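Chains as they are written, first to last, in full-length UniProt numbering: chain Z, 60 to 141, 148 to 354; chain V, 3 to 18, 43 to 159; chain C, 72 to 308; chain Y, 372 to 502, 524 to 618; chain E, 109 to 134, 159 to 180, 210 to 270; chain U, 308 to 361; chain A, 6 to 126. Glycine included, C-beta positions come from ideal geometry on N, C-alpha and C. Below: one structure, written as structure tokens.
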Amino acid sequence: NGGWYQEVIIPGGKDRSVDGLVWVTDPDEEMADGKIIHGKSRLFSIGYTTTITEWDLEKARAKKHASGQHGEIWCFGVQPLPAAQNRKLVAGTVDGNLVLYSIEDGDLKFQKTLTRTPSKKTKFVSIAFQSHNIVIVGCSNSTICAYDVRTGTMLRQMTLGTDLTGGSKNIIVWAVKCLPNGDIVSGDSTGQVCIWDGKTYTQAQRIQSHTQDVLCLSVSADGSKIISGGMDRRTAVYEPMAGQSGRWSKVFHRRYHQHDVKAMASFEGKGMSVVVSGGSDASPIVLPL
Amino acid sequence: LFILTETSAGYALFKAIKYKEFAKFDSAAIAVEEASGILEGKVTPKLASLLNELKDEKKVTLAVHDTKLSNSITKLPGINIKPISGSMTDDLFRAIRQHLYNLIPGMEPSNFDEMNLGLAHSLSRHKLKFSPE
Amino acid sequence: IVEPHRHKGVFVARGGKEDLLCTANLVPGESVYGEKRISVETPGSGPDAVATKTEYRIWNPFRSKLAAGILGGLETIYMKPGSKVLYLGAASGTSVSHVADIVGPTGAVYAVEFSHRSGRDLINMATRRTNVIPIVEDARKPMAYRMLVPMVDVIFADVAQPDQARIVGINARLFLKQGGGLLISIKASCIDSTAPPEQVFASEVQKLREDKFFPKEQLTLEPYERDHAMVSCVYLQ
Amino acid sequence: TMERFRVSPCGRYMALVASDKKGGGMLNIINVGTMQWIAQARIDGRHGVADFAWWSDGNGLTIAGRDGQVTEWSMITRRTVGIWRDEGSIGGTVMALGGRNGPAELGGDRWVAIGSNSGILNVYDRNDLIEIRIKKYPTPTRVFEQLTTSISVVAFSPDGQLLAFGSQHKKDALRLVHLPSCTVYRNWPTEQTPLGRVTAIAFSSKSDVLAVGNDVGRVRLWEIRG
Amino acid sequence: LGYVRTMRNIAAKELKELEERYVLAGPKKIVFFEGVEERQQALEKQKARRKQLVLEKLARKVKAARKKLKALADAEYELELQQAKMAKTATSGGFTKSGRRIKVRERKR
Amino acid sequence: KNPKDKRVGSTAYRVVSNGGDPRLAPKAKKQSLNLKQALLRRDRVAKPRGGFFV
Amino acid sequence: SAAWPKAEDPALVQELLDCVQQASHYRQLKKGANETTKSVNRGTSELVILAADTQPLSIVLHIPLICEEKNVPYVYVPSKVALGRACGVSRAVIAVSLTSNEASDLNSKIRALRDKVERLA
RNA sequence: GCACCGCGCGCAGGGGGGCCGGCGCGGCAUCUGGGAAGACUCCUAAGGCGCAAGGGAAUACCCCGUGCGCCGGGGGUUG
């Protein structure tokens, strides 16, 4: 409740990094008498390898490893709740193939591969789920693909243009996330933030916000605020424009960090709405949301 | 510790290390009905004649490695003892079939694999008519 | 002239310009899929000079995965006449007939093939040779033929699925003996068609090794096929 | 560039295709009276935007890109109404949009005509796109395969009774089509009708005069009389 | 064209049979070990003209059969280009004798 | 690390190696870590690093 | 259904139909189910593209058997009309088969395209 | 083994290192060259291409104006 006490540090070895972190929290189970068993929360990570690691916070070391024959995993996420005991991780990678791992009953194993891109030069850099069965992935070849997890099919390939600010024509969608009403918010290599329609999968807005590329996004739990953190050490806050629906605009920006803002995540509960942004200056900055 | 073993012919039970009892069968076209009855987990006469004791449940245990068969024979009220699923029970149901040469002088002093072959042919041709030609 | 090879149950036929592989036909006077066969007698019949007793079916390594391993330098094949081999991926009864002729009448080969047309030709082959039993079931579901298959000695595995090591893993946890044998044929263009095949094969060997096999050897099938490996390994010993 | 544009029929807006292909084309929409940017409509394709057409009431516009994706994009909600696909188009070249008494929420134009690079021009009744949901695979009212080279021009009559579509790359490759019957007129053009290599066509405001201008630089005029 | 197609089918069957016979006549193998000790023990255990003529003969037969199949395949391709050059309408395919490649972009109506 | 393989000329004898990662973490691929940086610094150059120093 | 190596990605479908159009201009293409079957049986065929919009789908299902016997890659595009006017036919073509030769930029495109089809499989 | 009043040299090879310099394989945001390339673009010109004969030669290469065809330019009023 505003104390921010650092409890445990579990260090990895030499030549070992951590790129993505995902908690998997089960829903509230109920006993025979009306007592509440809360969700057991398991921590998964990737380390710029082909291996998803599950961490044991009780023993303060790594619990499990899973790996399939594919490239290095660059982004992953846990499928949201609509099933109940059958939840699955979806992981994008370098060479393209969206691998899909299974987690149930204390297990982490490489289940299958949904699809892969035709072009071998498509690298998957960010992933976010719109619903239980629709996965929105950003790619390096200027696309935001929207796959469907059950059959593994492809709903639509959203695209973005060249960057006309410098060279290097391929834009890179560094962070996608999904609003609660269905829209998709995506920060990319131009420092833009695009608002994509949820039903049609076309863009509805381009908001030029940053100068260098937007590296991480965060979306409020009720869908009212968007926080964008870029490589120009800049954090920008957007609220919807009054009147027309689906139109966002940048309320204000400020440079909170001293290097780029590589990751941030939000929390809103028990009288505490924060968003914690960690960058490359090792200082996690907590903003009130 | 009642274990439930299903071969192509019959069943065995090793509750007290060493084998305790059995149930034998041979050479009928109701063997494929037994086969479908454990493809689902339905009522089975060999199953019921095995699990029918007269006293009570004396300790609620029946070790069957497939969870589907376990929670389909949980629902039968004929004996109301509740079974257990495969709690990584590899050692039991692997060692009994590797050391099943010890069992063969007990219930069927013979080689019963010809009806295993016949049931395999019957099931495979049943599925080849399920994909009809 | 016919000699037996180093592998028991496998024969070679030698001539002035050729060297062919062959097996001892369990049903003499009968061929299966259009294969050449040689009649040889045991010596002691000079006045008659009729090739009466032994009929040998020529094993074709261009249609067999296992026969491409034996001519490649497979040190053991883990099976002798009288063993028990589970054949995973029996495509229309091509190699499983030669495996049945290797294991003989006191051996038995359990063929598993999910695909229905190859199941049709497999059962129409398997009617004659009685030492095979065919199972038309998905190899990714071993509890559907757990009643039908007893404990085996060798698992042969030629199935074109990306979770080939997982299929081998569940079938070996349910059917292979302690200290058993596994001969698996790995297809790189089936598992990952973009990585180097050495890397694909090394990842499959590592998956078996964490799946509690012991990789003894690996050899490529590359005068005969393209980007195919054969891993010969033992189970728990 | 500012080469390709379309002014709205109400005269208030004007859309310009932005020269940025990269697997999907956008077009910037400009208020006519003040000459300022007011919107932008982006579609996904392979080479961008083949053509587009404003709706008849003047709000939205239908953007037919290359590789067959056609997109109805409204001006009121300022996002995409829907996306459908031309039937079997390996790549679109031109589109036109005309008639009256169409669907009320899709601009009120009845017919859309999309001509591909093979030579085939499909004509769809726009009351068949509504399944606001658009069918992802509508069927054409009529597929015209009379011209063999890529369809370069297409133009509806302003009262929505004629449709003239022509290819530039053949001498005298122009056809004239009745609507709603979708039948090619067989009596004109004949073997000796001096069309030339047709580069632009234009129907009159009362639709009494067809003007055809070729690659030599000669306009010729034809009274339409029914 | 029909005659060249039948001769190409016969010659392709001959090439397949001859290449099978040549392979049957004449970092490949990897053996794994648990440790350097077992690897060195196996290395201790490793420390403990007719075919040339007939394989050169089969190799010359294989090269002549490949030349024959390549010649018949080039003949069949040249005859398909002759069909394209003599079609009743303008069809793409083939080079002119000036060198410029024929390509018509009309559709077959 | 791992002992390098020894080739007789036809076959290759190699020690298996998985003794690097017991329970700790898998070692990050330096080729993939430098690729994500090269997507972050595309054509852009660094500013001069420190103060007055050779 | 029975069209399991389906090409669903529109970028890959556009690449397949562009290579079909280039082979059609090179006269390196066999159009139709019977001509496709003849090219696959004779073994001159490098890649084979079937269409999944066939109204009885079972009239092109024999070609996967011959391609499994001859080890050539087959792939399914969505629309047979698109395949037809990609070849330049003005009819609906349900199966097409594009062949190989000695040395071509088209042959390099064929090798890359069957690599992409093997990525689908 | 050579010098038993010496360093060192000729040679077998056991392991690890400087991972210094090359080679091979793989990815590589861009940049450079080539091919293909959009059909508004180029398509060599008001003409050209093909097939089959005929005639001549630097005799491997080619050139020229008869019979069938395929386009193109120009001209061109609901045939």
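Integer Cβ distance of residue i from residue j, believed to fall under 8 Å
i               : j               : result
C259 of chain Z : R271 of chain Z : 5 Å
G157 of chain Z : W133 of chain Z : 6 Å
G263 of chain Z : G247 of chain Z : 3 Å
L88 of chain V  : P109 of chain V : 4 Å
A421 of chain Y : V465 of chain Y : 7 Å
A335 of chain U : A121 of chain Z : Contact flag wrong, Cβ pair sits at about 14 Å.
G311 of chain Z : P245 of chain Z : About 13 Å; that fails the 8 Å criterion.
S256 of chain C : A210 of chain C : With a Cβ gap of about 14 Å, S256 of chain C and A210 of chain C do not count as contacting.
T104 of chain A : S50 of chain A  : 6 Å
Bridge partner(s) assigned by DSSP for residue i
i               : result
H78 of chain C  : None; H78 of chain C has no bridge partner.
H318 of chain Z : Z:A301
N399 of chain Y : Y:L387 and Y:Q411
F256 of chain E : E:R262
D346 of chain Z : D346 of chain Z is not bridged to any residue.
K258 of chain C : C:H299
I105 of chain Z : Z:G79 and Z:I111
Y320 of chain U : E:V163 and U:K313
Where the beta strand (DSSP E) through residue i begins and ends
i               : result
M337 of chain Z : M337 to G343
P286 of chain C : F285 to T291
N493 of chain Y : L492 to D496
Host alpha helix (DSSP H) of residue i (start-end)
i               : result
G105 of chain C : That residue, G105 of chain C, is in no alpha helix (DSSP H); it is neither H nor E in DSSP.
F376 of chain Y : Counting along the chain, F376 of chain Y falls outside any alpha helix (DSSP H), though it belongs to the beta strand (DSSP E) covering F376 to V378.
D110 of chain A : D110 to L125
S62 of chain V  : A57 to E66
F557 of chain Y : Taken as a continuous stretch (DSSP letters only), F557 of chain Y belongs to no alpha helix (DSSP H), being part of the beta strand (DSSP E) at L554 to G558.
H124 of chain Z : Careful: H124 of chain Z lies outside any alpha helix (DSSP H), inside the beta strand (DSSP E) at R120 to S126.
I118 of chain E : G110 to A133
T41 of chain A  : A38 to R47
Where residue i meets chain E, residues with beta-carbon distance less than 7 Å
i               : result
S317 of chain U : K160 and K161
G48 of chain A  : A120
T541 of chain Y : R266 and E267
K308 of chain U : Within 7 Å Cβ-Cβ: nothing; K308 of chain U doesn't reach chain E, min ~13 Å.
Chain Z contact residues for residue i, given Cβ-Cβ distances below 9 Å
i               : result
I454 of chain Y : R221, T265, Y266 and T267
Within chain E, the residues that residue i reaches when beta carbons sit closer than 8 Å
i               : result
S489 of chain Y : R268
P286 of chain C : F164
Amino acids of chain C, ordered along the chain, whose beta-carbon sits closer than 9 Å to that of residue i
i                      : result
residue 364 of chain U : This structure cannot speak to residue 364 of chain U, because chain U is shown only from 308 to 361.
Residue i beta carbon near the ligand GTP (any heavy atom closer than 6 Å)
i              : result
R85 of chain C : As presented, the structure is devoid of all ligands, the ligand GTP included, so that no description of it is given.
Chain-ordered chain A contacts of residue i [CB-CB under 8 Å]
i               : result
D438 of chain Y : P15 and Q19
Proximal residues of chain U, C-beta to C-beta of residue i below 7 Å
i               : result
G167 of chain E : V322
Interface partners of residue i on chain Y, CB under 8 Å
i              : result
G93 of chain A : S489
Within chain Z, partners of residue i - CB distance below 7 Å
i               : result
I262 of chain C : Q128
Beta-carbon neighbours of residue i, restricted to chain Y and to distances below 9 Å
i              : result
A87 of chain A : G439, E458, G459, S460 and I461
Beta-carbon neighbours of residue i, restricted to chain A and to distances below 7 Å
i               : result
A245 of chain E : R32
Neighbouring residues, chain Z, relative to residue i (Cβ below 8 Å)
i               : result
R116 of chain A : Those within 8 Å of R116 of chain A in chain Z number zero; the least Cβ separation is about 13 Å.
Closer than 9 Å at the beta carbon, the chain A residues around residue i
i               : result
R181 of chain Z : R124 and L125
Contact set between residue i and chain U, taken where Cβ atoms lie within less than 9 Å
i               : result
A174 of chain E : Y320
Contiguous alpha helix (DSSP H) assignments of at least 4 residues, all confined to the segment 175-260 of chain Z = none
Runs of alpha helix (DSSP H) wholly within the UniProt repeat "WD" (590-618) of chain Y (minimum 4 residues, chain order) = none
inquiry  = Please give me, in chain order, every unbroken run of the beta strand (DSSP E) with length at least 3 that falls completely inside the segment 160-185 of chain C.
reply    = 179-183
request  = Note down, one range per segment and in chain order, each beta strand (DSSP E) of at least 3 residues found wholly within the segment 224-273 of chain C.
outcome  = Secondary structure remark: continuous beta strand (DSSP E) runs of at least 3 residues inside the segment 224-273 of chain C, in chain order: 247-258.
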